[PDB]
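Please read the structure below before turning to the comments.
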Amino acid sequence: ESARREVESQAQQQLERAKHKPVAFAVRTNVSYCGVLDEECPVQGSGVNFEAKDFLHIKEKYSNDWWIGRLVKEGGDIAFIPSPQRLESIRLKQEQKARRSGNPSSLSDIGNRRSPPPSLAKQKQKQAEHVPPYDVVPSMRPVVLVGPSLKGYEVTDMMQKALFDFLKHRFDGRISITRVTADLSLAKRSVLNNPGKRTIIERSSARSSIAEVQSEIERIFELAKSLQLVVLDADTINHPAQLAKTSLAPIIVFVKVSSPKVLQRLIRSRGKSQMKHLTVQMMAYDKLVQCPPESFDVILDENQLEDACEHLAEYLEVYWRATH
Amino acid sequence: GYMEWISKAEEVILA
Amino acid sequence: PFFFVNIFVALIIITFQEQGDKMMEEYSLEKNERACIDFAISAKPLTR
Amino acid sequence: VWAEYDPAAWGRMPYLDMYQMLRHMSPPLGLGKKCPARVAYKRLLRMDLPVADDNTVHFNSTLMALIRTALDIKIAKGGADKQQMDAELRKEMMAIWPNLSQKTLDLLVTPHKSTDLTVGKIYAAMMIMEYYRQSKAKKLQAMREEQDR
Amino acid sequence: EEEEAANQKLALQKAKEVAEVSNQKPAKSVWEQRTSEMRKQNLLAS
């Protein structure tokens with residue numbers, strides 16, 4: 001047919017003309033689906049074989065069924081990813097190849113109970129959580145440093161100020177440093193339509209701190225849309241799970257001492273002031289190191305300054321070359 | 001190693 | 001004479017290198033089995 | 001002591017006297033005069049020394065088994081692994097001693113045939129017979145102590 | 001030996017972040033060899 005070849009050529013020239021244009025926004029996925037094996041894509045052979053835990057970048061507009069995207073992989077070419085409704089449709093198609101998907105079991109029961117599919121067999125039900133296949137995340141991954149122990153204390157404070165000064169100095173002109181004095185662990189998306197929309201409601205949630213924390217969320221988004229790498233100097237988060245289910249999806253950097261024996265004397269070296277909070281300062285270390293390392297993105301398990309320095313320099317270097 | 005780390009980090013506390 | 005001379009003696013004893021003995025990477029169990037199995041090879045009963 | 005037992009010292013000594021062989025000398029090579037019989041027989045199982053048709057054991061073959069057992073040279077716990085560790089040991093000995101005659105090698109590391117009657121087989125049978133005799137003796141005692149009520 | 005092991009382990013762990021882009025020890029002295037053999041023999045006792 002001539003129409004399919006014509007739309008193929010049109011998509012090809014649109015991709016060629018859109019190779020050098022700014023990226024619009026990014027998406028987050030939670031299902032391992034391949035966009036190259038689907039025959040409904042406008043262009044065959046130019047799909048994306050992306051697994052879960054992956055980020056995609058959208059630049060231009062195609063239709064309500066497919067979009068033009070790019071991978072965070074280095075050297076990844078321009079491909080097409082399904083739309084969220086297209087992903088819902090393909091998820092529905094995934095469970096229809098099986099013998100049964102609704103209530104009527106096939107345990108030697110054919111022709112007795114036809115059981116036409118009710119509203120229970122469609123995606124209308126199972127709406128208690130209903131996690132969307134796509135999540136909105138900042139275009140550039142934010143970087144968060146976790147205290148080897150409770151933030152706001154001397155030892156940890158110098159531990160992250162060293163990295164902050166290094167990223168500022170070596171990488172000036174392309175990285176912006178922002179400090180979040182307020183909390184950031186109260187980032188929720190499926191609680192209510194608008195809890196405390198106005199400050200004049202005099203509600204319990206209106207006069208609480210959740211409004212400012214909610215306002216903190218999107219400024220990270222606008223800083224990410226500027227292509228400039230941004231870090232988060234949050235003084236409240238001390239565990240990856242505290243900021244893992246939110247829509248930020250940040251890069252978490254682990255600065256840790258190899259042994260608590262070294263940490264105790266390192267705390268001792270500060271003075272008598274830290275002796276009072278030393279007791280509670282051990283648990284912030286041991287609970288955090290008990291966390292599995294797969295949650296953490298990068299690990300700094302060494303004690304020399306320059307080796308860890310170049311380690312993180314090269315990590316953000318590979319992140320830089322990933323999206324350029 | 002960690003004392004060197006804290007020394008360099010604390011030295012730049014001046015501003 | 002009591003301390004440095006004995007340090008010299010101890011250092012020379014400790015850091016001594018065996019003469020020859022090839023390179024012995026191919027052999028696996030010869031830490032103490034060498035002489036035992038060698039004497040087993042060259043064993044002669046006492047004769048009256 | 002081996003040379004002493006045999007005044008001729010021809011290099012072959014009966015397998016029965018080999019139990020008195022081990023008890024007179026002190027450990028680790030020997031067993032000691034105070035060694036229990038069960039502990040004595042258990043070590044004999046690991047030697048796997050073949051017995052010649054004249055019911056004697058060779059001087060050199062016993063020594064290699066004695067050395068091997070005390071130092072755990074390659075000593076596999078059983079199965080087809082034993083043939084592989086005998087094969088590896090033979091290659092290593094040839095690599096260290098190229099001039100070692102094949103007859104001497106087969107004398108020190110005996111090629112294992114299934115039909116060969118080894119010392120371990122002889123001592124395994126008597127323990128099984130003794131265990132069977134002791135198990136039967138207990139069974140008659142059990143069938144009698146339970147019948148007097 | 002521990003600094004060498006740490007260097008290889010740190011390099012291996014760091015290489016996961018860059019995966020997207022993609023000799024001989026000196027001969028041991030007689031003293032050291034015999035000491036290692038005695039250590040192994042004594043640990044065999046357990």
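Just remember, in the structure tokens the first chain shown is A, the second B, etc., residues are 1-based per chain, and ligands are 1-based in the order shown.
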So that each row is one residue of chain D with an atom at most 8 Å from chain C, can you give its shortest atom pair and the distance in Å to one decimal, using only C-alpha atoms, rows by chain and rising number, as a Markdown table?
```
| residue | atom | partner | partner_atom | distance |
| --- | --- | --- | --- | --- |
| D:2 | CA | C:45 | CA | 7.3 |
| D:3 | CA | C:46 | CA | 5.2 |
| D:4 | CA | C:46 | CA | 7.7 |
| D:7 | CA | C:48 | CA | 6.7 |
| D:8 | CA | C:48 | CA | 7.2 |
| D:9 | CA | C:47 | CA | 6.2 |
| D:11 | CA | C:45 | CA | 6.9 |
| D:59 | CA | C:45 | CA | 7.7 |
| D:60 | CA | C:40 | CA | 6.4 |
| D:63 | CA | C:40 | CA | 6.1 |
| D:64 | CA | C:40 | CA | 5.9 |
| D:67 | CA | C:36 | CA | 6.8 |
| D:71 | CA | C:33 | CA | 7.7 |
| D:73 | CA | C:33 | CA | 7.5 |
| D:74 | CA | C:29 | CA | 7.9 |
| D:92 | CA | C:27 | CA | 6.6 |
| D:104 | CA | C:41 | CA | 7.9 |
| D:108 | CA | C:41 | CA | 7.4 |
```
Applying 9 Å and only C-alpha atoms, which residues near segment 255-257 of chain A remain after dropping the ones on its own chain fewer than 2 positions away? List them as a compact mmCIF listing (two decimals) with N, CA and C atoms, in the first residue's frame.
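The resulting selection04.txt:
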```
# COMPACT_ATOMS: atom_id res chain seq x y z
N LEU A 145 22.32 13.45 48.70
CA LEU A 145 23.39 12.82 49.46
C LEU A 145 22.87 12.34 50.80
N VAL A 146 23.06 11.07 51.14
CA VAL A 146 22.51 10.61 52.41
C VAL A 146 23.57 10.67 53.49
N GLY A 147 23.20 11.13 54.68
CA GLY A 147 24.17 11.26 55.76
C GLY A 147 24.70 9.90 56.12
N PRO A 148 26.02 9.80 56.48
CA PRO A 148 26.41 8.48 56.99
C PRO A 148 25.62 8.36 58.27
N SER A 149 25.18 9.50 58.80
CA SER A 149 24.42 9.53 60.05
C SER A 149 23.51 10.76 59.97
N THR A 156 28.55 14.64 59.56
CA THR A 156 27.83 14.48 58.30
C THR A 156 27.88 15.78 57.51
N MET A 159 30.86 16.02 55.70
CA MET A 159 30.82 14.96 54.69
C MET A 159 30.08 15.38 53.42
N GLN A 160 28.95 16.08 53.54
CA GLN A 160 28.28 16.53 52.32
C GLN A 160 28.77 17.89 51.83
N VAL A 253 23.22 9.38 46.59
CA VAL A 253 24.65 9.15 46.77
C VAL A 253 24.89 8.74 48.22
N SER A 259 33.48 1.03 58.88
CA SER A 259 33.23 0.39 60.16
C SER A 259 32.73 1.42 61.16
N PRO A 260 31.78 1.03 62.02
CA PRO A 260 31.34 1.95 63.09
C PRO A 260 32.42 2.29 64.09
N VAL A 262 35.48 3.22 63.38
CA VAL A 262 36.08 4.45 62.87
C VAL A 262 35.13 5.63 63.06
N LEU A 263 33.83 5.39 62.84
CA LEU A 263 32.85 6.46 62.97
C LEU A 263 32.77 6.99 64.40
N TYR A 285 23.31 5.60 61.68
CA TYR A 285 24.28 4.93 60.83
C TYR A 285 23.93 3.46 60.62
N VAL A 289 22.89 1.58 57.14
CA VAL A 289 23.75 0.61 56.48
C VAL A 289 23.08 -0.75 56.40
N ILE A 299 27.71 4.31 45.45
CA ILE A 299 28.27 4.00 46.76
C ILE A 299 29.65 4.62 46.86
N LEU A 300 29.92 5.28 47.99
CA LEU A 300 31.24 5.83 48.29
C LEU A 300 31.72 5.16 49.58
N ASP A 301 32.38 4.01 49.44
CA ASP A 301 32.80 3.21 50.57
C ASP A 301 34.27 3.41 50.94
N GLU A 302 34.94 4.38 50.33
CA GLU A 302 36.36 4.62 50.56
C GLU A 302 36.56 5.88 51.40
N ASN A 303 37.77 6.00 51.95
CA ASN A 303 38.11 7.05 52.89
C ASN A 303 38.97 8.17 52.31
N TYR B 2 39.51 9.71 56.99
CA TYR B 2 38.31 10.48 57.30
C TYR B 2 38.64 11.80 58.00
```
Proximity check chain A to chain E, 10 Å, nearest pairs one decimal Å, only C-alpha atoms, as a tab-separated table:
```
residue	atom	partner	partner_atom	distance
A:72	CA	E:20	CA	9.2
A:73	CA	E:20	CA	6.2
A:74	CA	E:21	CA	5.7
A:75	CA	E:21	CA	8.0
A:297	CA	E:17	CA	8.6
A:298	CA	E:17	CA	7.7
A:299	CA	E:13	CA	8.0
A:300	CA	E:10	CA	8.8
A:301	CA	E:10	CA	8.0
A:302	CA	E:10	CA	8.1
A:307	CA	E:10	CA	9.7
A:308	CA	E:10	CA	9.8
A:311	CA	E:14	CA	7.1
A:312	CA	E:14	CA	9.2
A:314	CA	E:18	CA	8.0
A:315	CA	E:17	CA	6.1
A:316	CA	E:17	CA	9.1
A:317	CA	E:18	CA	9.0
A:318	CA	E:18	CA	6.1
A:319	CA	E:17	CA	8.5
A:321	CA	E:21	CA	8.4
A:322	CA	E:21	CA	8.0
```
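Of the residues in chain C, those that DSSP places in alpha helix (DSSP H) on the basis of the backbone are residues 4, 5, 6, 7, 8, 9, 10, 11, 12, 13, 14, 33, 34, 35, 36, 37, 38, 39, 40 and 41 of chain C.
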What residues in chain E have any atom no more than 9 Å from chain C when counting only C-alpha atoms, and can you write them as a list in words?
-> residues 27, 28, 29, 30, 31, 32, 33, 34 and 37 of chain E
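Note that the spacing between atom CA of residue 52 of chain A and atom CA of residue 24 of chain A amounts to 21.6 Å.
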Please provide the set of residues having any atom within 10 Å of residue 4 of chain B, restricted to only C-alpha atoms, with same-chain residues fewer than 5 positions apart removed, written as an MDAnalysis selection string.
-> (chainID A and resid 303:305) or (chainID B and resid 9:10)
Long-range neighbours of segment 59-67 of chain A as a ChimeraX atom specification, 6 Å cut-off, only C-alpha atoms, 6 positions minimum in chain | /A:23-24,80-83,86
Would you save the residues from that selection as a tab-separated table (two decimals), in the first residue's frame, using C-alpha atoms?
```tsv
chain	number	residue	atom	x	y	z
A	23	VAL	CA	13.51	17.99	24.74
A	24	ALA	CA	9.97	18.62	25.99
A	80	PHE	CA	8.86	5.53	19.54
A	81	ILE	CA	7.29	4.65	22.90
A	82	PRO	CA	3.62	3.77	23.51
A	83	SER	CA	1.22	6.32	24.93
A	86	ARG	CA	-1.67	2.53	24.45
```
From the set E:24, E:46, E:9, E:41, which residue has the shortest atom-to-atom contact distance to chain D, counting only C-alpha atoms?
->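 Among E:24, E:46, E:9, E:41, it is E:41 that comes nearest to chain D.
For the pair atom CA of residue 127 of chain A and atom CA of residue 50 of chain A, the interatomic distance is 26.8 Å.
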Find the residues around residue 115 of chain D up to 12 Å (only C-alpha atoms counted), leave out those fewer than 6 positions away in its own chain, and share them as a PDB file with N, CA, C and O atoms, in the first residue's frame.
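Ended up saving to out_10.pdb:
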```
ATOM      1  N   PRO D  50      46.148 -52.529  48.498  1.00  0.00           N
ATOM      2  CA  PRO D  50      45.838 -53.830  47.897  1.00  0.00           C
ATOM      3  C   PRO D  50      46.632 -54.950  48.547  1.00  0.00           C
ATOM      4  O   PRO D  50      47.750 -54.757  49.030  1.00  0.00           O
ATOM      5  N   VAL D  51      46.035 -56.139  48.552  1.00  0.00           N
ATOM      6  CA  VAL D  51      46.655 -57.335  49.110  1.00  0.00           C
ATOM      7  C   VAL D  51      47.081 -58.237  47.961  1.00  0.00           C
ATOM      8  O   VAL D  51      46.292 -58.505  47.046  1.00  0.00           O
ATOM      9  N   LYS D 121      38.931 -53.557  52.391  1.00  0.00           N
ATOM     10  CA  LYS D 121      37.828 -54.496  52.206  1.00  0.00           C
ATOM     11  C   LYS D 121      37.851 -55.591  53.265  1.00  0.00           C
ATOM     12  O   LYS D 121      36.798 -55.992  53.775  1.00  0.00           O
TER      13      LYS D 121
END
```
Give the strand (DSSP E) residues of chain D, as DSSP finds them on the backbone, and put them as number ranges by chain.
-> D: 12-14, 56-58
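Separating atom CA of residue 49 of chain D from atom CA of residue 83 of chain D is a distance of 14.6 Å.
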